[PDB]
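Asks: Okay, handing you the structure first.
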Amino acid sequence: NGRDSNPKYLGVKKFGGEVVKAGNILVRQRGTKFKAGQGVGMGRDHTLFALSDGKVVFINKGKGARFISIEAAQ
Amino acid sequence: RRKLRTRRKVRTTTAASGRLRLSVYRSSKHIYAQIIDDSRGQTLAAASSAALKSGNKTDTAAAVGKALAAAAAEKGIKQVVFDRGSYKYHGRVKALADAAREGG
Amino acid sequence: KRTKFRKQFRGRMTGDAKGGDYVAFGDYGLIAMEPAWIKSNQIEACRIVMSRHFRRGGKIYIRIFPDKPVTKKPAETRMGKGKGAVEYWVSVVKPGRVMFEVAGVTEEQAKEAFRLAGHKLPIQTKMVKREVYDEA
Amino acid sequence: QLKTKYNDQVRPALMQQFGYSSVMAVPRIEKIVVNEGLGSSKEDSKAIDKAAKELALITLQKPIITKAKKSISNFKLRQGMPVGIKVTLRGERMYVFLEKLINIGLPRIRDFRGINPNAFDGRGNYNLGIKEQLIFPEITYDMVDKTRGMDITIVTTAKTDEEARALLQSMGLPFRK
Amino acid sequence: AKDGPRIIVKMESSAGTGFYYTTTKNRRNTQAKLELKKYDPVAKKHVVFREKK
RNA sequence: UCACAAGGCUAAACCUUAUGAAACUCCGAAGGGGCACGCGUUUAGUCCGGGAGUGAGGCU
RNA sequence: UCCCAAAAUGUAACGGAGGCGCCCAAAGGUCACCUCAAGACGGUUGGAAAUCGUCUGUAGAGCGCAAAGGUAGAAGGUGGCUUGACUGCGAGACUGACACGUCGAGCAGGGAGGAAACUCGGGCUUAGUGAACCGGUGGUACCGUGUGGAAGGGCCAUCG
RNA sequence: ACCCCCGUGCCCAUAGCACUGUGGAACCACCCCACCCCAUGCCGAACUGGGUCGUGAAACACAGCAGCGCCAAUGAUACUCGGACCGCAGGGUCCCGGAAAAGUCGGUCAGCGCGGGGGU
Ligand SMILES: [Mg+2]
Ligand SMILES: [Mg+2]
Ligand SMILES: [Mg+2]
Ligand SMILES: [Mg+2]
Ligand SMILES: [Mg+2]
């Protein structure tokens, strides 16, 4: 009644076809909404983040297994 | 039940390792022990006991490891890692290990 | 008429009919020409009327069920909360929605029972026969 | 421990009349399962050792205690606490206990015209209604505590109950007559 | 964080020749006798800490 | 998942037929957001530092 | 924590519902293995539910708690060893007016489990909390009013 | 080169299940025995260890098969960005693009690699 006014935040912090950097956060999530690909590490709270620097692109597989990955730039 | 293989396989990191995947198939007294790359659908070396180890049965373990090790160094290898299926450790598969590892 | 289990509250909103045929379950139906709420009564009213027309009818089919808890100002003001858990339960109707349908009775019996059912309704209505079969 | 009458006679029995595909097609015995009903209404943490004693003495094999299913229904129940005992019998030991019963414990029983012939496991397995624990050669009232009873399930590879009955019968299973 | 009449406790640490605190939530409830673990002081580490105060 | 209309079946279940949903979702737009490019016309932007006011809004 | 929240984020109400002020020396680390709820046939204490067996069985179960997400290749269910519920650090980011808050590769000292690649700076995550001040205690040896000490203070823990 | 088998990937249901016909000494599987390595909170069922005969039964492999799943058009619609209006209100229409869900027409019982073993 109503007694939670805090937003957390979530969403997706770095989208697809986006230049990223190493240590950036590509996503904030509750469970694993999508899992990590190559280039990607994952913290305690899930939260896919970047190992390397590059172009972050998305792979959406078969409805409910999804993946964020980092392809090279150079 | 068949999740043992899927577990042990998904455990081993394909890409982020950089290394290579040495499989083993222990089924009949015939075995495989083929060594696969991670990424490219291809396979690097792959020795086997598949034909004529000449009376050796599970003792051929060392041999089929030994062979592979040699056959490995041919293309060259940097510390490939061990992908088994269900089959865990000790006598049978540990000999293929102690052979192909330390034999190169 | 009344629901036995729920979440207990609601909003409100409207758009064109979805969940009713032109016809099913009998020969002649009754269709709403206007969007509105129908109370637990007005059906009870219409059920008891159509029934009080032909006894051993025997087909009275009410395809509308109210589950819409609505509330009311108990006595007064705004200092307080949302209120009135049990005031009345409506259903929501919208044109093309077929509220009632009957059969086993005459053509004229349907005409007149639907006419008596017409009043006691917050909405305009009308009656038809069957062209259409979508699924069965 | 037989296995000779197991092979031969049981197999061609159905091969010489209605025919059959192969020697491996013919039904075989997978395991014998002994489940000791305990706990709930009758539960003793002291008599656990009793039932385990008898059980371990009869089958030449150590018994294993079950648990609760993580349920509380109405009456006595909880997440876990021993509700009963289990012993699985396979191979030589299965046949030990089996000949033990059939050759001795089966004929010796109260008012015994047989055990129920009707379909037990539609898929071709078999169950038993064993009541008294004292009807065995391996358990008598010479040395005892109280009176209880055990349950036994027979698993076979039989495809139907018709292939069950005739199978288990030649092994010395009598039927209600 | 907060404290009062209650069970458990927070003790911290102490040990041979190192002088140091791990500062760890313990408990007196289910199992408490030794609060004992292995930890790293100003030494090479490699040393056992007895967390009973 | 909760609600629910008729019939069958021997009251859950189960099938035929038929619906409701802010806290249901097998599905799912129009639109919205981020990035890049300008492939196109435009003009504002950011940073440092001085001075503010404002922190009662109103209607459609 | 859901809904309201108009498919980014955010968003009010004396709006609609429900939790928290903990717990776990193992519910942590790692390694190794295990797979659920339910239904139908048959069984001794049973005869709605126990326990056993056969059969079906992407979850209809479980996850210490509220709920949402997430989970079956486990995050679930057992054991082996254990104490990374570490010390000195923090590339780079999410988030916030600030103050806080969160995620974190990689580096060293040193350990843990594994044969191994490796994982480990508490717990599937998201609540279990409280700036500053003034004090309690253990370490340190920086200041110390002429000087050498000591009192008092500082700095690292840390308790109220 | 072609048949086929064992391992292993990409694809992760238009590749899944059911019904099922073929396959046995090449490969696979049961079955085989196990004091001992190793293990079973009880049983070598599972791990695991020693090897054939035996059958291809069961499992796995291949093939027929579209009863079930799964994918699924065109047309038309629901809704809607923008533009312009009606009705006191609930609510509604017109122009203009975008445009589903479901259902029907259908579509399938996969496809693309790598290494090795054994046939013609
Ligand atoms: Mg305002
Ligand atoms: Mg939002
Ligand atoms: Mg929005
Ligand atoms: Mg003050
Ligand atoms: Mg408009």
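Quick note on naming: the chains in the structure tokens go A, B, ... in the order shown, residues restart at 1 in each chain, and ligands are numbered from 1 in order of appearance.
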Using only C-alpha atoms (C1' of nucleotides) and all ligand atoms, find each residue with an atom at most 10 Å away from ligand 1 and format the answer as a PyMOL selection string.

Replies: (chain F and resi 57-58) or (chain G and resi 12)

Asks: Keeping only N, CA and C atoms (P, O5', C5', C4', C3', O3' and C1' of nucleotides), write the selected residues to a file as a PDB file, in the first residue's frame.

Replies:
ATOM      1  P     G F  57       2.343  22.829  -7.329  1.00  0.00           P
ATOM      2  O5'   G F  57       2.439  23.010  -8.902  1.00  0.00           O
ATOM      3  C5'   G F  57       1.320  22.759  -9.723  1.00  0.00           C
ATOM      4  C4'   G F  57       0.615  24.027 -10.095  1.00  0.00           C
ATOM      5  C3'   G F  57      -0.559  23.838 -11.024  1.00  0.00           C
ATOM      6  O3'   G F  57      -1.718  23.453 -10.324  1.00  0.00           O
ATOM      7  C1'   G F  57       0.761  25.648 -11.769  1.00  0.00           C
ATOM      8  P     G F  58      -2.809  22.524 -11.042  1.00  0.00           P
ATOM      9  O5'   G F  58      -3.394  23.447 -12.187  1.00  0.00           O
ATOM     10  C5'   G F  58      -4.209  24.539 -11.831  1.00  0.00           C
ATOM     11  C4'   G F  58      -4.738  25.211 -13.050  1.00  0.00           C
ATOM     12  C3'   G F  58      -5.307  24.298 -14.115  1.00  0.00           C
ATOM     13  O3'   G F  58      -6.614  23.846 -13.806  1.00  0.00           O
ATOM     14  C1'   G F  58      -3.897  25.886 -15.111  1.00  0.00           C
TER      15        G F  58
ATOM     16  P     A G  12       6.181   7.420  -8.442  1.00  0.00           P
ATOM     17  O5'   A G  12       5.202   8.167  -7.429  1.00  0.00           O
ATOM     18  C5'   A G  12       5.260   9.583  -7.296  1.00  0.00           C
ATOM     19  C4'   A G  12       3.897  10.232  -7.372  1.00  0.00           C
ATOM     20  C3'   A G  12       2.828   9.634  -6.478  1.00  0.00           C
ATOM     21  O3'   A G  12       2.915  10.160  -5.161  1.00  0.00           O
ATOM     22  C1'   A G  12       1.956  10.014  -8.662  1.00  0.00           C
TER      23        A G  12
END

Asks: Under the rule of at most 12 Å, produce a per-residue listing of chain A near ligand 2: chain, number, name, the closest pair of atoms, and the distance in Å, as a Markdown table, using only C-alpha atoms and all ligand atoms.

Replies:
| residue | atom | partner | partner_atom_place_in_ligand_line | distance |
| --- | --- | --- | --- | --- |
| A:7 | CA | ligand 2 | 1 (Mg) | 10.0 |
| A:8 | CA | ligand 2 | 1 (Mg) | 11.8 |
| A:9 | CA | ligand 2 | 1 (Mg) | 10.0 |
| A:10 | CA | ligand 2 | 1 (Mg) | 9.9 |
| A:11 | CA | ligand 2 | 1 (Mg) | 8.9 |

Asks: Could you tell me, counting only C-alpha atoms (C1' of nucleotides) and all ligand atoms, which protein and nucleic acid residues lie no more than 12 Å from ligand 4, written as JSON, numbers by chain?

Replies: {"G": [132, 133, 134]}

Asks: Near region 48-52 of chain E, counting only C-alpha atoms (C1' of nucleotides), which residues have an atom at most 8 Å away, once you skip same-chain residues fewer than 3 positions from it, shown as a VMD selection string?

Replies: chain E and resid 11 to 16 34 to 39

Asks: One decimal, in Å: what's the spacing between CA of residue 124 (chain D) and CA of residue 66 (chain D)?

Replies: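 CA of residue 124 (chain D) sits 26.1 Å away from CA of residue 66 (chain D).
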